[PDB]
Each structure stands twice: as structure tokens, then as C-alpha cells.
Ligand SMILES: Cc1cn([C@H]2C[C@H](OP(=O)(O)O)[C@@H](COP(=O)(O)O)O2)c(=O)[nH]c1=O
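What follows is a single chain, given as C-alpha cells, in the form solved without this ligand.
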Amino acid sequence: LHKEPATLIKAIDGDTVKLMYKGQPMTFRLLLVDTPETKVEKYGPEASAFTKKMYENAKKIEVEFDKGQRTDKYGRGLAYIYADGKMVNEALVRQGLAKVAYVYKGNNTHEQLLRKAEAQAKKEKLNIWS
């Protein structure tokens, strides 16, 4: 896998974000994560606030496509996204603001990494795990 540059256009919520990728606006859906929905579930706005701060505060944003299908049925890019080298997908799981989702069409490269972050958040009874 490889990281590609991107520019934040607009935070949207916990599991999606609008980025300028290769000169064109595109909305991305974070791979392997399920956050609380606010459009308003418990820890829904928390999760949104979290990724919002992460994207807006970063100097560098990178998108990393996995090895499976690159876009879902709704035209959203499916990737692991990084803010200054830190993976937003993992950060959410680790903060207990999202659960690990089932693998989607072969995109499972970071499944174990996220599974561990999640086990740790659960152990700490963090947020969603309260």
C-alpha cells in the first residue's frame, strides 16, 4: 500500500470526510470502522468532533487505498486516512469512538491493527465502551 497526498476540503463526520484528491473533490469513507451516526446516536457527535479536529489541525493529510475495491456503491473512496502520519481509522477505534467493521471486498490490510486498538479501548471501558 502507499500513501498519497490529499487536502482537506471539509470535515463531514465520524466515518467520512471531503478531500481534494489528485485535483478533484472526493468524499472518503474510512475503511474498517463504524462510528455512531448523528444524522444522533450515543458518542455520535464525539466521534465527529474527534475526526474534525484531527483533519483540520493536521499539516499533512494522506490517503491510503487498500488492496480491495477502491470505491463503495455511493462513489465514496474507501481508504485509511492519515493526519500527520497518524491513521485516523486507528485513532478512532483506539479512543473507543468507533468499532471495527467487517472486512469489505478484500480491504483488510489493517484489520488486525484496528482489532487490537479496539480490544484496548474496550479493556479501558473507553467512551462507547462505558
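Each residue number is its position in the shown sequence, starting from 1.
What comes next is about the form solved in complex with this ligand, which is not displayed.
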{"item": "This ligand in the entry with it bound: contacting segment from 29 to 37, 57 to 65, 43 to 51, 91 to 99, heavy atom within 4.5 Å", "value": "29 to 37"}
{"item": "Contact test in the entry with it bound: residue 84 vs this ligand, heavy atoms, 4.5 Å", "value": "no"}
{"item": "Contact of residue 118 with this ligand in the entry with it bound (heavy atom, 4.5 Å)", "value": "no"}
{"item": "Within 4.5 Å of this ligand in the entry with it bound: residues from 67 to 81 (heavy atom criterion)", "value": "72, 73, 74, 76, 78"}
